[PDB]
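Here's the structure we're looking at; comments come further down.
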Amino acid sequence: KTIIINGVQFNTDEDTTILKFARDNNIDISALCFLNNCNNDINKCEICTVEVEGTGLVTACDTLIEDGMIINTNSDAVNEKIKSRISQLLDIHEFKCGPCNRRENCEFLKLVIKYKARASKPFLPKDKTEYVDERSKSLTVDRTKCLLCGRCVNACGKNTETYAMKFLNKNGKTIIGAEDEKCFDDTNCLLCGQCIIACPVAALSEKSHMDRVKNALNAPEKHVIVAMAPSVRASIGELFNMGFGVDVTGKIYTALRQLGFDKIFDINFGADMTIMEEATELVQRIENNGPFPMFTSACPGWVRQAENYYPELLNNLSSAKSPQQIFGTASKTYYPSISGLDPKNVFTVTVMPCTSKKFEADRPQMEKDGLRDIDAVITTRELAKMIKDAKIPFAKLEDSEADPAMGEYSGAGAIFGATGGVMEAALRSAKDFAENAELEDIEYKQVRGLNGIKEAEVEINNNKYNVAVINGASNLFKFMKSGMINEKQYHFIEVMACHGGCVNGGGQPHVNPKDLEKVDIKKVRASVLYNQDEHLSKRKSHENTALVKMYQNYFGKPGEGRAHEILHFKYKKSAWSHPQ
Ligand code: 402
Ligand code: SF4
Ligand code: SF4
Ligand code: SF4
Ligand code: SF4
Ligand code: FES
Ligand SMILES: [Mg+2]
Ligand SMILES: [Mg+2]
C-alpha cells in the first residue's frame, strides 16, 4: 500500500499503526499514554495527534495505516492541538521540578519543554495531604503529579493480571489507586512496583526508607551494615549517564564507604545462603518424596500472589528465608559473634531493585529477640539519589572491595537477579549434594531467557525430575489457570513476579520508552550478572569460603538444627472460617 507522510511517499506491505511506521522511518511523533503496546482507551492523551487528509486529526498510536493516507505530523493545527493537551495536563499538575524525584528523567517535562506549553492556571494546592497516599510499606502516590494517562493501570494488567491498580471515581473526580481506595497492602496488590516503572512522572514512587538510613548513620552507637542485591551492580550506572549494561560493582562499594556505612557486605552472600538451605531442602524432599512441587520463596511479590490467590501452595514454598532476610538474620546473630558488636546496635540496610522487599523487611515476624532481620530497604533509585545528594562523583570513583566475612559470593549467587537464576544456582548445589560429587557441567541454559514459562527435565542421581521457571506474575496465573501445573509432576518451581527477574524490578531506574525499543533492558542488565558468574572462580554457593566458615563455626549443618531454626520462615494459610 501507498501512504504519504509529510510529503514523503512510502510503499509498504506492513500492517501497523501510524506511530510505529513513523518511528520505524525516522519520523518524529510524540506519545505519552502509549506504552506496552497500549494507550489510554477511555481518556486518550492525544499527544500523538497527526493530521490525516480527508479525515482530520487522529491519534497515531492506535490508528492503523491504510493505502492512500496523506499524513501531516507537524502542521500548525497538529502542534496547537498537542500543545493544548499538554497545557490542560499542566492545569492539573504541580509544576515544581526543583525538589521532584523525577527531575532528571521525566517524560512530561520533556514534552512541556518540546512544545513550549504553559498552564492556563497553575496548579498550586495548599494541602498536599489529600493528594498523597503514603500508607503502603512499598508504594506511595502523589496525585499532584498524576496525568491520568493510565500507564500504571495498563502495566499492572499486563505484568500481573491482578488489576490491583484501578481507575477510581473519588467523589465525582477520577483518580488512580487501589481497590476501594484502600492501602495497596490491604488488597491483592503484589507491591511489585511495575506500576511505578510505567509511570512517566513522579506520581508513583517507592515508600522512602532514606530517613531510616540517615538517622541510623548519624546515630553514634549504631553500626550500620549495607548490602546490595545482585541486580543493583548491573543497573545503578544508568542514573549516572554511564549507559546500559555496565558492571559498577567496585564503584558501588566505594560510594557506600563514602556515604558513611560502617560495614560493606553483599546480598549475593545471602543468595549463597538461600541456596545452601534451599538446595538442602530440595534433596530432602526427594528422599522423602514430597511435598512436590517445591516453589521458591525469595520473591515477596510471588509470596503475596500465593497468599492472595493460591494459599493452598503456601505449604509448598521453600522455608528458606530470602537472600535479603536470611542475610539480615545472620547479621544480628553470626556477625556479632565474629565482630564483638552488641546485636542491638547493629542496623542492617539492603539496596534492592525492588519495592516489595520493603514489605518483606517489615513483616512483623521477620525478627528475633526484638531485633529486626532487616531495618531498612532502599531501592536502586534511592541509593542513586543518596549518592548524588552527597555529591559523590560516582562515575569517576575507583573500585574498592566488599568486607569478605558476609561479602564474598559465588557465581551462583551472582545470577539471582535474572529469571531462571535461582533455579540454575539451586541445581548446581542440589546436584552435587544428592550425588555426593563435584560436577563440572553447571550451566543450565534451558532455564534462562525471557520466555514467560520455562520448563526443563533434569537428571538428579539417576532419577529424572521436572523443573519450571515462571517468569512474571501474569505467567504464574497462566501456568496455574491453564492447568499446566497438573499436566506433569513438577518437583521444583521458580517464580518471579517481575518479568525478566529482579533486573526489571519495581525499584529500578526508569527507562525512556524510546530507549526501551532501542535496548533490551532485561537482557542487557542480566548480561552483567551471567558475565560475573562466568569469570568467577567459585560458581557454586557451597564453594563460598566465607560462607563455609560461617556454617562450620556458627550454624552447623544447613537445613536442620540451628540453621533450620532461625534461617527459615514458614508461610501458613488462614484456617477455614465463615463467613469469607
Ligand atoms: N532477597 C533476594 Fe534476591 C537475591 O539474591 C534479591 O536481592 Fe532479588 C535481586 N537482585 C531482589 O529484589 S529477590 C528474588 N530472588 C531473586 S534475586
Ligand atoms: S513530575 Fe516531571 S514535570 Fe512534574 S514536577 Fe516532577 S519533574 Fe517537573
Ligand atoms: S500514576 Fe503515573 S502512570 Fe498512573 S495514571 Fe498517573 S501519571 Fe499515569
Ligand atoms: S505494585 Fe504491582 S500488583 Fe500492585 S498495583 Fe503496582 S503493578 Fe499492580
Ligand atoms: S521479581 Fe525481584 S524485584 Fe520483582 S517483586 Fe520479586 S523480588 Fe522484587
Ligand atoms: S499516545 Fe496516542 S492517545 Fe496517548
Ligand atoms: Mg488503545
Ligand atoms: Mg554512623
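How things are named: the first chain in the C-alpha cells is A, the next is B, and so on; residues count from 1 in each chain; ligands count from 1 in the order shown.
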At most 8 Å from ligand 3 (only C-alpha atoms and all ligand atoms): residue list as a PyMOL selection string | chain A and resi 33+141-143+145-153+175-176+195-196+198-204
Using only C-alpha atoms and all ligand atoms, tabulate the residues of chain A lying at most 7 Å from any atom of ligand 6, each with its closest atom pair and that distance in Å to one decimal, by chain and increasing residue number, as a tab-separated table.
```
residue	atom	partner	partner_atom_place_in_ligand_line	distance
A:31	CA	ligand 6	1 (S)	3.9
A:32	CA	ligand 6	1 (S)	4.5
A:33	CA	ligand 6	4 (Fe)	4.0
A:34	CA	ligand 6	1 (S)	4.2
A:39	CA	ligand 6	4 (Fe)	5.5
A:40	CA	ligand 6	4 (Fe)	6.2
A:44	CA	ligand 6	3 (S)	4.1
A:45	CA	ligand 6	4 (Fe)	4.1
A:46	CA	ligand 6	3 (S)	3.9
A:47	CA	ligand 6	1 (S)	5.3
A:48	CA	ligand 6	2 (Fe)	4.5
A:49	CA	ligand 6	2 (Fe)	6.9
A:59	CA	ligand 6	2 (Fe)	5.2
A:60	CA	ligand 6	2 (Fe)	5.9
A:61	CA	ligand 6	2 (Fe)	4.3
A:62	CA	ligand 6	2 (Fe)	6.4
```
Shell of 6 Å around region 542-549 of chain A, only C-alpha atoms, local chain residues under 4 positions omitted, as a PyMOL selection string = chain A and resi 405+410+538+553
Expected file contents, prior selection, C-alpha atoms, as a compact mmCIF listing (two decimals), in the first residue's frame:
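The result, written out as again_5.txt:
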```txt
# COMPACT_ATOMS: atom_id res chain seq x y z
CA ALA A 405 33.01 -12.10 56.04
CA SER A 410 29.96 -17.39 44.12
CA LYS A 538 33.71 -20.38 42.58
CA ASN A 553 31.78 -22.19 63.05
```
Neighbours of ligand 5 within 7 Å, counting only C-alpha atoms and all ligand atoms, as JSON, numbers by chain?
-> {"A": [191, 192, 298, 299, 300, 301, 302, 353, 354, 355, 356, 357, 417, 496, 497, 498, 501, 502, 503, 504, 505, 506]}
For those residues, write N, CA and C atoms to a file as an mmCIF file, in the first residue's frame.
```cif
data_model
loop_
_atom_site.group_PDB
_atom_site.id
_atom_site.type_symbol
_atom_site.label_atom_id
_atom_site.label_comp_id
_atom_site.auth_asym_id
_atom_site.auth_seq_id
_atom_site.Cartn_x
_atom_site.Cartn_y
_atom_site.Cartn_z
ATOM 1 N N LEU A 191 2.683 -5.460 45.266
ATOM 2 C CA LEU A 191 3.687 -4.482 45.667
ATOM 3 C C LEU A 191 4.976 -4.629 44.837
ATOM 4 N N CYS A 192 4.854 -5.159 43.638
ATOM 5 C CA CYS A 192 5.977 -5.350 42.778
ATOM 6 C C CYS A 192 6.453 -4.073 42.144
ATOM 7 N N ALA A 298 11.763 -16.555 47.575
ATOM 8 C CA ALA A 298 12.579 -15.359 47.786
ATOM 9 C C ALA A 298 11.947 -14.092 47.212
ATOM 10 N N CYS A 299 10.960 -14.239 46.340
ATOM 11 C CA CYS A 299 10.237 -13.083 45.794
ATOM 12 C C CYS A 299 9.000 -12.759 46.598
ATOM 13 N N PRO A 300 9.050 -11.650 47.281
ATOM 14 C CA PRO A 300 7.909 -11.261 48.118
ATOM 15 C C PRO A 300 6.686 -10.897 47.276
ATOM 16 N N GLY A 301 6.911 -10.560 46.008
ATOM 17 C CA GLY A 301 5.821 -10.310 45.081
ATOM 18 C C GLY A 301 5.054 -11.593 44.828
ATOM 19 N N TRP A 302 5.796 -12.678 44.615
ATOM 20 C CA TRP A 302 5.216 -14.005 44.429
ATOM 21 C C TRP A 302 4.603 -14.542 45.723
ATOM 22 N N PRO A 353 16.486 -3.790 43.963
ATOM 23 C CA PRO A 353 15.835 -3.333 42.732
ATOM 24 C C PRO A 353 14.318 -3.402 42.873
ATOM 25 N N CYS A 354 13.866 -3.486 44.116
ATOM 26 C CA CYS A 354 12.519 -3.934 44.418
ATOM 27 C C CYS A 354 11.795 -3.095 45.458
ATOM 28 N N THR A 355 10.503 -2.878 45.241
ATOM 29 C CA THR A 355 9.691 -2.184 46.230
ATOM 30 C C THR A 355 9.068 -3.185 47.191
ATOM 31 N N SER A 356 8.847 -4.407 46.712
ATOM 32 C CA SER A 356 8.188 -5.434 47.512
ATOM 33 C C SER A 356 9.099 -5.901 48.647
ATOM 34 N N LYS A 357 10.401 -5.703 48.470
ATOM 35 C CA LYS A 357 11.377 -6.034 49.506
ATOM 36 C C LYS A 357 11.174 -5.221 50.790
ATOM 37 N N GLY A 417 19.527 -12.309 40.225
ATOM 38 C CA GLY A 417 18.723 -11.213 39.722
ATOM 39 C C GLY A 417 18.080 -11.506 38.382
ATOM 40 N N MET A 496 9.116 -15.618 39.753
ATOM 41 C CA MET A 496 9.423 -14.196 39.924
ATOM 42 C C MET A 496 8.211 -13.376 39.487
ATOM 43 N N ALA A 497 7.874 -12.334 40.242
ATOM 44 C CA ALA A 497 6.715 -11.504 39.918
ATOM 45 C C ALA A 497 7.021 -10.540 38.779
ATOM 46 N N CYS A 498 8.281 -10.131 38.671
ATOM 47 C CA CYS A 498 8.684 -9.207 37.616
ATOM 48 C C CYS A 498 9.277 -9.945 36.429
ATOM 49 N N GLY A 501 12.973 -11.077 35.754
ATOM 50 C CA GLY A 501 13.578 -11.188 37.050
ATOM 51 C C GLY A 501 13.787 -9.860 37.736
ATOM 52 N N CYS A 502 14.508 -9.877 38.830
ATOM 53 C CA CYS A 502 14.756 -8.675 39.603
ATOM 54 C C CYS A 502 15.445 -7.517 38.855
ATOM 55 N N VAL A 503 16.208 -7.814 37.823
ATOM 56 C CA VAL A 503 16.855 -6.786 37.000
ATOM 57 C C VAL A 503 15.820 -5.802 36.451
ATOM 58 N N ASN A 504 14.581 -6.273 36.321
ATOM 59 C CA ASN A 504 13.457 -5.447 35.885
ATOM 60 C C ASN A 504 12.513 -5.115 37.051
ATOM 61 N N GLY A 505 13.062 -5.058 38.260
ATOM 62 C CA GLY A 505 12.260 -4.826 39.452
ATOM 63 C C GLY A 505 11.637 -3.445 39.569
ATOM 64 N N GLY A 506 10.656 -3.322 40.459
ATOM 65 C CA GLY A 506 9.924 -2.081 40.631
ATOM 66 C C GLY A 506 10.704 -0.910 41.214
#
```
Test item: residues lying within 7 Å of ligand 4 with only C-alpha atoms and all ligand atoms, as an MDAnalysis selection string = chainID A and resid 152 155:157 159:160 162:165 178 184 189:196
Could you please write out, as a ChimeraX atom specification, every residue of region 378-491 of chain A that DSSP assigns to alpha helix (DSSP H)?
-> /A:380-389,411-414,421-435,473-481
Selected residues written out, C-alpha atoms, as a CSV table (one decimal), in the first residue's frame:
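What follows is the written file result.csv:
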```csv
chain,number,residue,atom,x,y,z
A,380,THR,CA,18.4,1.4,43.4
A,381,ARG,CA,16.8,4.8,42.7
A,382,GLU,CA,17.1,5.8,46.4
A,383,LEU,CA,20.8,4.8,46.6
A,384,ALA,CA,21.4,6.9,43.5
A,385,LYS,CA,19.7,10.0,45.0
A,386,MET,CA,21.7,9.5,48.2
A,387,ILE,CA,24.9,9.4,46.2
A,388,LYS,CA,24.0,12.5,44.2
A,389,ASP,CA,22.9,14.4,47.3
A,411,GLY,CA,28.8,-17.1,40.5
A,412,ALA,CA,25.6,-19.0,41.5
A,413,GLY,CA,24.6,-16.2,43.9
A,414,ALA,CA,25.6,-13.6,41.4
A,421,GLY,CA,18.9,-17.5,38.1
A,422,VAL,CA,17.7,-19.1,41.4
A,423,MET,CA,16.8,-22.3,39.5
A,424,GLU,CA,20.2,-22.7,37.9
A,425,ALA,CA,22.1,-21.9,41.1
A,426,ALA,CA,19.9,-24.2,43.2
A,427,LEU,CA,20.5,-27.1,40.7
A,428,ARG,CA,24.3,-26.6,40.8
A,429,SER,CA,24.2,-27.4,44.6
A,430,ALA,CA,21.3,-29.8,44.7
A,431,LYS,CA,23.1,-32.0,42.1
A,432,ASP,CA,26.4,-32.0,44.0
A,433,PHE,CA,24.5,-32.6,47.3
A,434,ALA,CA,22.4,-35.5,46.1
A,435,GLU,CA,25.1,-37.3,44.1
A,473,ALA,CA,3.3,-12.7,37.8
A,474,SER,CA,0.9,-12.9,34.9
A,475,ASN,CA,2.6,-16.0,33.8
A,476,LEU,CA,2.1,-17.6,37.2
A,477,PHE,CA,-1.7,-17.1,36.7
A,478,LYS,CA,-1.4,-18.6,33.2
A,479,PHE,CA,0.6,-21.5,34.4
A,480,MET,CA,-2.0,-22.3,37.2
A,481,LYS,CA,-5.2,-21.4,35.4
```
Enumerate residues in contact with ligand 2: an atom-to-atom distance of at most 8 Å, counting only C-alpha atoms and all ligand atoms. Format the result as a VMD selection string.
-> chain A and resid 93 to 110 112 145 to 146 200 to 203
Selected residues, C-alpha atoms, written as a short mmCIF file (atom, residue, chain, number, x, y, z; two decimals), in the first residue's frame, please.
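Once everything was written out, this is result-v3.cif:
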```cif
data_model
loop_
_atom_site.label_atom_id
_atom_site.label_comp_id
_atom_site.auth_asym_id
_atom_site.auth_seq_id
_atom_site.Cartn_x
_atom_site.Cartn_y
_atom_site.Cartn_z
CA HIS A 93 -0.16 19.41 37.57
CA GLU A 94 2.03 20.76 40.37
CA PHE A 95 4.80 22.02 38.10
CA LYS A 96 7.67 22.22 40.63
CA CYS A 97 10.56 20.25 39.22
CA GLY A 98 13.09 21.57 41.73
CA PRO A 99 12.63 19.09 44.61
CA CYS A 100 10.94 16.42 42.42
CA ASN A 101 12.25 12.86 42.33
CA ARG A 102 11.81 12.56 38.54
CA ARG A 103 13.51 15.90 37.82
CA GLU A 104 16.44 14.35 35.92
CA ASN A 105 14.42 11.93 33.75
CA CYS A 106 10.81 13.00 33.41
CA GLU A 107 8.85 12.29 30.24
CA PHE A 108 6.29 15.01 30.89
CA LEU A 109 8.84 17.79 31.44
CA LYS A 110 10.48 16.85 28.14
CA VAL A 112 6.42 20.57 28.13
CA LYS A 145 1.80 14.75 39.57
CA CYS A 146 -0.67 12.28 38.10
CA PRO A 200 6.08 8.88 33.15
CA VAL A 201 6.06 11.28 36.11
CA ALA A 202 6.64 11.27 39.87
CA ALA A 203 3.05 10.36 40.74
#
```
Shortest interatomic distance to ligand 7 - which of A:17, A:365, A:324, A:231, counting only C-alpha atoms and all ligand atoms |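 The closest residue to ligand 7 is A:17.
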So that I can check the surroundings of residue 348 (chain A), please list as a PDB file with C-alpha atoms, in the first residue's frame every protein, DNA and RNA residue that reaches within 9 Å of it, counting only C-alpha atoms and ignoring chain neighbours fewer than 3 positions away.
```
ATOM      1  CA  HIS A 223      26.792   0.112  63.469  1.00  0.00           C
ATOM      2  CA  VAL A 224      25.222   0.347  60.022  1.00  0.00           C
ATOM      3  CA  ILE A 225      25.643  -2.585  57.648  1.00  0.00           C
ATOM      4  CA  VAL A 226      24.804  -2.162  53.972  1.00  0.00           C
ATOM      5  CA  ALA A 227      24.432  -4.899  51.349  1.00  0.00           C
ATOM      6  CA  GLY A 328      19.602  -9.993  57.865  1.00  0.00           C
ATOM      7  CA  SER A 331      23.722 -10.051  60.565  1.00  0.00           C
ATOM      8  CA  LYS A 332      22.131  -9.913  64.020  1.00  0.00           C
ATOM      9  CA  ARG A 372      14.607  -6.970  63.004  1.00  0.00           C
ATOM     10  CA  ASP A 373      16.260  -9.105  60.319  1.00  0.00           C
ATOM     11  CA  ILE A 374      16.351  -6.030  58.109  1.00  0.00           C
ATOM     12  CA  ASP A 375      15.939  -2.491  59.462  1.00  0.00           C
ATOM     13  CA  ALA A 376      15.804  -0.583  56.170  1.00  0.00           C
ATOM     14  CA  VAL A 377      15.482  -1.221  52.436  1.00  0.00           C
TER      15      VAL A 377
END
```
Non-local contacts of residue 485 (chain A) (12 Å; only C-alpha atoms; under 2 positions in same chain excluded) as a PDB file with N, CA, C and O atoms, in the first residue's frame:
```pdb
ATOM      1  N   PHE A 292       5.797 -32.328  46.811  1.00  0.00           N
ATOM      2  CA  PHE A 292       6.096 -31.803  45.482  1.00  0.00           C
ATOM      3  C   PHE A 292       4.874 -31.096  44.909  1.00  0.00           C
ATOM      4  O   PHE A 292       3.751 -31.547  45.107  1.00  0.00           O
ATOM      5  N   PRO A 293       5.089 -29.973  44.206  1.00  0.00           N
ATOM      6  CA  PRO A 293       6.404 -29.374  43.949  1.00  0.00           C
ATOM      7  C   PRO A 293       6.869 -28.451  45.069  1.00  0.00           C
ATOM      8  O   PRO A 293       6.075 -28.066  45.932  1.00  0.00           O
ATOM      9  N   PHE A 295       8.204 -24.672  45.620  1.00  0.00           N
ATOM     10  CA  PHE A 295       8.331 -23.376  44.961  1.00  0.00           C
ATOM     11  C   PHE A 295       9.397 -22.552  45.658  1.00  0.00           C
ATOM     12  O   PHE A 295       9.562 -22.654  46.870  1.00  0.00           O
ATOM     13  N   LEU A 313      -0.843 -23.323  48.138  1.00  0.00           N
ATOM     14  CA  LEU A 313       0.538 -23.550  47.723  1.00  0.00           C
ATOM     15  C   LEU A 313       1.546 -23.090  48.778  1.00  0.00           C
ATOM     16  O   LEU A 313       2.733 -23.394  48.671  1.00  0.00           O
ATOM     17  N   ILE A 453       7.202 -18.808  30.406  1.00  0.00           N
ATOM     18  CA  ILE A 453       7.134 -20.079  31.114  1.00  0.00           C
ATOM     19  C   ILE A 453       8.214 -20.992  30.558  1.00  0.00           C
ATOM     20  O   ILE A 453       8.256 -21.257  29.354  1.00  0.00           O
ATOM     21  N   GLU A 455      10.342 -24.667  31.030  1.00  0.00           N
ATOM     22  CA  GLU A 455      10.442 -25.971  31.664  1.00  0.00           C
ATOM     23  C   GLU A 455      11.751 -26.635  31.270  1.00  0.00           C
ATOM     24  O   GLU A 455      12.320 -26.349  30.210  1.00  0.00           O
ATOM     25  N   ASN A 466      11.326 -32.793  37.036  1.00  0.00           N
ATOM     26  CA  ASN A 466      10.828 -31.721  36.189  1.00  0.00           C
ATOM     27  C   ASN A 466      10.862 -30.381  36.908  1.00  0.00           C
ATOM     28  O   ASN A 466      10.288 -30.235  37.986  1.00  0.00           O
ATOM     29  N   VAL A 467      11.538 -29.404  36.310  1.00  0.00           N
ATOM     30  CA  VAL A 467      11.564 -28.064  36.879  1.00  0.00           C
ATOM     31  C   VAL A 467      10.848 -27.071  35.961  1.00  0.00           C
ATOM     32  O   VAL A 467      10.764 -27.273  34.751  1.00  0.00           O
ATOM     33  N   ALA A 468      10.310 -26.010  36.551  1.00  0.00           N
ATOM     34  CA  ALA A 468       9.703 -24.934  35.782  1.00  0.00           C
ATOM     35  C   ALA A 468      10.151 -23.588  36.338  1.00  0.00           C
ATOM     36  O   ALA A 468      10.333 -23.433  37.549  1.00  0.00           O
ATOM     37  N   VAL A 469      10.343 -22.627  35.441  1.00  0.00           N
ATOM     38  CA  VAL A 469      10.660 -21.261  35.832  1.00  0.00           C
ATOM     39  C   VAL A 469       9.546 -20.337  35.353  1.00  0.00           C
ATOM     40  O   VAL A 469       9.327 -20.176  34.150  1.00  0.00           O
ATOM     41  N   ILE A 470       8.826 -19.758  36.305  1.00  0.00           N
ATOM     42  CA  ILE A 470       7.736 -18.854  35.986  1.00  0.00           C
ATOM     43  C   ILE A 470       8.254 -17.422  35.996  1.00  0.00           C
ATOM     44  O   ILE A 470       8.642 -16.897  37.040  1.00  0.00           O
ATOM     45  N   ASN A 475       2.334 -14.700  34.247  1.00  0.00           N
ATOM     46  CA  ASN A 475       2.637 -16.046  33.782  1.00  0.00           C
ATOM     47  C   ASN A 475       2.394 -17.088  34.870  1.00  0.00           C
ATOM     48  O   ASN A 475       2.155 -18.255  34.570  1.00  0.00           O
ATOM     49  N   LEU A 476       2.437 -16.668  36.132  1.00  0.00           N
ATOM     50  CA  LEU A 476       2.068 -17.572  37.217  1.00  0.00           C
ATOM     51  C   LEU A 476       0.592 -17.922  37.072  1.00  0.00           C
ATOM     52  O   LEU A 476       0.209 -19.089  37.139  1.00  0.00           O
ATOM     53  N   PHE A 477      -0.231 -16.895  36.890  1.00  0.00           N
ATOM     54  CA  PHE A 477      -1.658 -17.092  36.658  1.00  0.00           C
ATOM     55  C   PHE A 477      -1.915 -17.996  35.453  1.00  0.00           C
ATOM     56  O   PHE A 477      -2.736 -18.909  35.523  1.00  0.00           O
ATOM     57  N   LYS A 478      -1.211 -17.753  34.352  1.00  0.00           N
ATOM     58  CA  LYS A 478      -1.408 -18.569  33.154  1.00  0.00           C
ATOM     59  C   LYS A 478      -1.048 -20.024  33.424  1.00  0.00           C
ATOM     60  O   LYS A 478      -1.799 -20.940  33.076  1.00  0.00           O
ATOM     61  N   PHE A 479       0.101 -20.220  34.064  1.00  0.00           N
ATOM     62  CA  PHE A 479       0.589 -21.541  34.422  1.00  0.00           C
ATOM     63  C   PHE A 479      -0.409 -22.306  35.285  1.00  0.00           C
ATOM     64  O   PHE A 479      -0.638 -23.494  35.068  1.00  0.00           O
ATOM     65  N   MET A 480      -1.010 -21.629  36.258  1.00  0.00           N
ATOM     66  CA  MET A 480      -1.958 -22.292  37.150  1.00  0.00           C
ATOM     67  C   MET A 480      -3.340 -22.454  36.508  1.00  0.00           C
ATOM     68  O   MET A 480      -3.918 -23.541  36.524  1.00  0.00           O
ATOM     69  N   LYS A 481      -3.865 -21.369  35.949  1.00  0.00           N
ATOM     70  CA  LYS A 481      -5.221 -21.368  35.408  1.00  0.00           C
ATOM     71  C   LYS A 481      -5.384 -22.295  34.203  1.00  0.00           C
ATOM     72  O   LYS A 481      -6.424 -22.929  34.042  1.00  0.00           O
ATOM     73  N   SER A 482      -4.355 -22.378  33.366  1.00  0.00           N
ATOM     74  CA  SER A 482      -4.407 -23.226  32.176  1.00  0.00           C
ATOM     75  C   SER A 482      -4.172 -24.703  32.490  1.00  0.00           C
ATOM     76  O   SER A 482      -4.146 -25.541  31.583  1.00  0.00           O
ATOM     77  N   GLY A 483      -4.009 -25.017  33.772  1.00  0.00           N
ATOM     78  CA  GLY A 483      -3.818 -26.389  34.208  1.00  0.00           C
ATOM     79  C   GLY A 483      -2.446 -26.976  33.913  1.00  0.00           C
ATOM     80  O   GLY A 483      -2.262 -28.187  34.022  1.00  0.00           O
ATOM     81  N   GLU A 487      -0.322 -30.980  34.266  1.00  0.00           N
ATOM     82  CA  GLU A 487      -0.018 -31.692  33.031  1.00  0.00           C
ATOM     83  C   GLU A 487       1.131 -32.682  33.233  1.00  0.00           C
ATOM     84  O   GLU A 487       1.279 -33.651  32.486  1.00  0.00           O
ATOM     85  N   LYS A 488       1.944 -32.430  34.253  1.00  0.00           N
ATOM     86  CA  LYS A 488       3.005 -33.350  34.643  1.00  0.00           C
ATOM     87  C   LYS A 488       3.353 -33.114  36.106  1.00  0.00           C
ATOM     88  O   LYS A 488       2.840 -32.185  36.727  1.00  0.00           O
ATOM     89  N   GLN A 489       4.209 -33.958  36.667  1.00  0.00           N
ATOM     90  CA  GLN A 489       4.613 -33.771  38.054  1.00  0.00           C
ATOM     91  C   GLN A 489       5.860 -32.904  38.133  1.00  0.00           C
ATOM     92  O   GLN A 489       6.951 -33.331  37.749  1.00  0.00           O
ATOM     93  N   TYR A 490       5.691 -31.682  38.628  1.00  0.00           N
ATOM     94  CA  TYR A 490       6.818 -30.779  38.840  1.00  0.00           C
ATOM     95  C   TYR A 490       7.393 -30.970  40.236  1.00  0.00           C
ATOM     96  O   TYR A 490       6.665 -31.265  41.182  1.00  0.00           O
ATOM     97  N   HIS A 491       8.703 -30.798  40.361  1.00  0.00           N
ATOM     98  CA  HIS A 491       9.367 -31.016  41.641  1.00  0.00           C
ATOM     99  C   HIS A 491       9.952 -29.726  42.207  1.00  0.00           C
ATOM    100  O   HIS A 491       9.962 -29.520  43.419  1.00  0.00           O
ATOM    101  N   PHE A 492      10.428 -28.857  41.324  1.00  0.00           N
ATOM    102  CA  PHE A 492      10.999 -27.581  41.735  1.00  0.00           C
ATOM    103  C   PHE A 492      10.543 -26.476  40.792  1.00  0.00           C
ATOM    104  O   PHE A 492      10.754 -26.560  39.584  1.00  0.00           O
ATOM    105  N   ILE A 493       9.916 -25.442  41.344  1.00  0.00           N
ATOM    106  CA  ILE A 493       9.407 -24.343  40.525  1.00  0.00           C
ATOM    107  C   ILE A 493       9.867 -22.977  41.036  1.00  0.00           C
ATOM    108  O   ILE A 493       9.637 -22.633  42.195  1.00  0.00           O
TER     109      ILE A 493
END
```
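Shortest separation to residue 188 (chain A) among A:309, A:134, A:337, A:236 occurs at residue A:309, atoms counted being only C-alpha atoms.
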Which residues, written as a compact mmCIF listing (two decimals) with C-alpha atoms, in the first residue's frame, have at least one atom at most 9 Å from region 238-252 of chain A, with only C-alpha atoms counted and residues fewer than 5 positions away on the same chain left out?
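Below is the file selection.txt, written as the result:
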```txt
# COMPACT_ATOMS: atom_id res chain seq x y z
CA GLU A 104 16.44 14.35 35.92
CA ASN A 105 14.42 11.93 33.75
CA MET A 228 23.21 -4.60 47.76
CA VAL A 232 21.95 -3.18 41.64
CA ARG A 233 25.52 -3.50 40.32
CA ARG A 257 32.01 3.71 52.19
CA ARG A 381 16.81 4.80 42.73
CA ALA A 384 21.41 6.89 43.49
CA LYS A 388 24.03 12.48 44.23
CA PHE A 394 30.19 8.03 41.08
CA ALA A 395 31.39 7.63 37.50
CA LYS A 396 34.93 8.67 38.49
CA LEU A 397 35.25 6.54 41.65
CA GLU A 398 37.96 3.89 41.90
CA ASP A 399 36.99 0.30 42.65
CA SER A 400 37.05 -0.90 46.24
CA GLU A 401 36.16 -4.32 47.62
CA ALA A 402 33.48 -5.60 49.98
CA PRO A 509 15.99 3.10 37.18
CA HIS A 510 13.24 4.34 34.87
CA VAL A 511 13.97 3.97 31.16
CA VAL A 519 17.83 -1.53 24.28
CA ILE A 521 16.82 -3.68 29.16
CA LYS A 523 18.72 -8.99 28.77
CA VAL A 524 21.36 -6.27 28.96
CA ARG A 525 21.07 -5.88 32.75
CA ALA A 526 21.09 -9.66 33.21
CA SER A 527 24.17 -9.97 30.98
CA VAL A 528 26.27 -8.30 33.67
CA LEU A 529 25.22 -11.00 36.14
CA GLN A 532 30.31 -12.23 36.62
```
Extract the full set of strand (DSSP E or B) residues from region 7-81 of chain A according to DSSP on the backbone, and format it as a list in words.
->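 Put together, the selection reads residues 8, 9, 10, 11, 17, 35, 38, 49, 50, 51, 52, 56, 57, 58, 59, 64, 70, 71 and 72 of chain A.
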